[PDB]
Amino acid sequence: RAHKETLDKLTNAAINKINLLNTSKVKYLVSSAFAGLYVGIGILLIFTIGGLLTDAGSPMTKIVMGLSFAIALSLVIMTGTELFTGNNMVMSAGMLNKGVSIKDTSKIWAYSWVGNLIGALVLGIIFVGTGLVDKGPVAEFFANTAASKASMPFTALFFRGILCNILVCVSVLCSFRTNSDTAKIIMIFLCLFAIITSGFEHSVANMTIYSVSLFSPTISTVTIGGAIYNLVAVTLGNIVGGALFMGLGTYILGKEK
């Protein structure tokens, strides 16, 4: 094990995040926007896959979607950009280890969440302009998925959000624990396969699901109300998974007591 080294790295990354934000809100928001859009790119890919295999009646739909989502977090980690969901574990661990404050943590979470959203809104806009969701099985996949995610009960979304961010954050944790970029990508691939195929909920990914569905004139039954309901429920779950499980857990393992 190298639990203490790992906690040191998490704490140093938390310190580095808040110093970045304090040094430049533009730099922090651009990074956050990049991460939001990168995650959204994975969504565009796997929903195209979703539409294609759904229209085909394939039993393998959710499995192929899961296998194909690795790009989302892979791009985030390989570009060193700012992802809200990953920040749940990093800021909480660093905060518990007294490297950052609670205010620092809430500031980082707020900014990366908004930045992530800006990225998703841009992607959504651009994607709608390609005409790829003007009509057909791919537009319908966005339309139906958006609707079902927005009509789920609060408790279900919350618990799905917890399990999702346990997986997002453990993949981030693995990247702090190896020097091999290939190993990092493989672990990301495995974790995101688990997330998508199992049906867990990811606030940042949902941002693109809703920006596309909402910006698309291919009607679809969503509404901003439903989008907000889902994002709030899922964000709360994500925070619990990342901070209360992963952040607290890694702190307990690594705390120089």
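All residue numbers are counted from 1 along the displayed sequence.
Engineer: Name the higher of the two by mean Cα B-factor in the PDB entry, 67 to 75 versus 122 to 130.
Structural biologist: Per the deposited B-factors, the answer is 122 to 130.
Engineer: Per the entry, where is the mean C-alpha temperature factor higher: 52 to 60 or 35 to 43?
Structural biologist: Stretch with the higher mean C-alpha B-factor: 52 to 60.
Engineer: Taking the Cα B-factors listed in the entry, which of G161, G86, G80, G99 comes out highest?
Structural biologist: By C-alpha B-factor in the record, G99 ranks first.
Engineer: Per the entry's Cα B factor values, which of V90, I186, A143, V170 stands out as the maximum?
Structural biologist: Highest C-alpha B-factor among the listed residues goes to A143.
Engineer: According to the PDB entry, is the CA B factor of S148 in the bottom, middle or top third of its chain, that is, lowest, middle or highest?
Structural biologist: Ranked within chain, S148 CA B lands in the highest tercile.
Engineer: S106: which third of its chain by C-alpha temperature factor?
Structural biologist: Highest third - that is where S106 ends up once the chain's C-alpha B-factors are sorted.
Engineer: Tell me, lowest, middle or highest third: where does the Cα B factor of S213 rank within its chain?
Structural biologist: Within its chain, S213 is a highest-third residue by C-alpha B-factor, going by the deposited values.
Engineer: Which third of the chain does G136 land in by C-alpha B-factor: lowest, middle or highest?
Structural biologist: For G136, whose C-alpha B-factor we compare with every modelled residue in the chain, the answer is the highest third.
Engineer: Tell me, lowest, middle or highest third: where does the Cα B factor of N230 rank within its chain?
Structural biologist: Its C-alpha B-factor belongs to the middle third of this chain's values.
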